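Next up: just one chain, as structure tokens, the form deposited in one PDB entry.
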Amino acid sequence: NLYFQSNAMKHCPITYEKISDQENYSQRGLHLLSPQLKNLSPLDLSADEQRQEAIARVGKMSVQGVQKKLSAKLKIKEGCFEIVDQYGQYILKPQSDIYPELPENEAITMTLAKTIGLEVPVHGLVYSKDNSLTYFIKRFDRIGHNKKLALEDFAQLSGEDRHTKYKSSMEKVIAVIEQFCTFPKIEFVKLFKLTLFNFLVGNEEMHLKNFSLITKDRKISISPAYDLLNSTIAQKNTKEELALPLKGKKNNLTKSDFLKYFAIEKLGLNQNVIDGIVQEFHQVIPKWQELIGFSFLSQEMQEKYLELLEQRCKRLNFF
């Protein structure tokens, strides 16, 4: 119980809960993938081999972006992922050959998002042949018996071409929600939480194609979250804070920019709702700090994350 001459307390690469030396994952985490999943075998490819497969398969896959990714199915009885080109059930993101600790960063950041009540798909880390960690996330547009749900990103919805990521604004993002979502006021609360979250965790890369609407449960809503990571600590010499301007600003954002201009003037949220969300963030910060300390980020990357988080929290008076 003192962890002085024995392994430090181990944490699950899916849930971050305490696990024993003989376990690689917690039962709770494995069962988020499937109630019958017994284990998750390491990927039989090194990080470099995963990146090469990503390059070879990109044109055959139904998901695309800047970073290296693979599509995969979960073989439940065999207890492993299988790489596929079509009908992916999961996306796998191997280590970058450029940026440090990208899978570990995205994994913990997506977990922080879940803890503040954002809708986040099942996600986690899986070991590789070279002991490197690869990030995985469930496809939220393929459910049940390989049934596809309709999904469109905000570039498509705002009449831009498929490459437009930055030539937009948070005000245009709001306008898309107002135009298309079934219950825009509910989605505005979600966008408020997501935008504060991205500021607190250093995600300066929440671009237009990271916003999507989905048709599910007999309504059109903002999709489950994807691609949330602390991009500031993974990059060097980052100066901007927001990918898309708010009030014409991508840097030097103020508390009133978020809590008055954005929350009240642009989103129309009632003051009691704003205060309640602020209190939610205030209460969650110690849990986030604990989770970062339990994460698979290196000690040095944890310190960068915690330092930035505390700076951003001070700017919003969330302490």
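Numbering starts at 1 and follows the sequence shown.
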If you average the CA temperature factors over each stretch, which comes out higher, 152 to 160 or 173 to 181?
-> 152 to 160
So which stretch wins on mean C-alpha B-factor, 78 to 86 or 105 to 113?
-> 78 to 86
Highest Cα B-factor in the PDB entry belongs to which of 227, 141, 241, 130?
-> 130
Among 93, 207, 190, 236, the highest C-alpha B-factor in the PDB entry belongs to 236
Residue 120 CA temperature factor, ranked by third within the chain = lowest
Based on the entry's values, in what third of the chain does the Cα temperature factor of residue 98 lie: lowest, middle or highest?
-> highest
Here the Cα B-factor of residue 9, set against its chain, lands in the third termed highest
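Absent from the display: the form solved in complex with a partner chain. The rest refers to it.
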Can you check whether residue 148 is within 4.5 Å of the partner chain in the entry with it bound, heavy atom basis?
-> yes
Is residue 139 one of the residues lying within 4.5 Å of the partner chain in the entry with it bound, judged by heavy atom distances?
-> yes
Contact label in the entry with it bound: residue 99 to the partner chain, heavy atom within 4.5 Å | no
So in the entry with it bound, does residue 180 come within 4.5 Å of the partner chain, heavy atom to heavy atom?
-> yes
Per-stretch contact check against the partner chain in the entry with it bound, the hit in 239 to 247, 118 to 126, 102 to 110, 153 to 161 (non-hydrogen atom, 4.5 angstroms) = 153 to 161
The partner chain in the entry with it bound reached by all of 193, 293 and 312, non-hydrogen atom within 4.5 Å = no
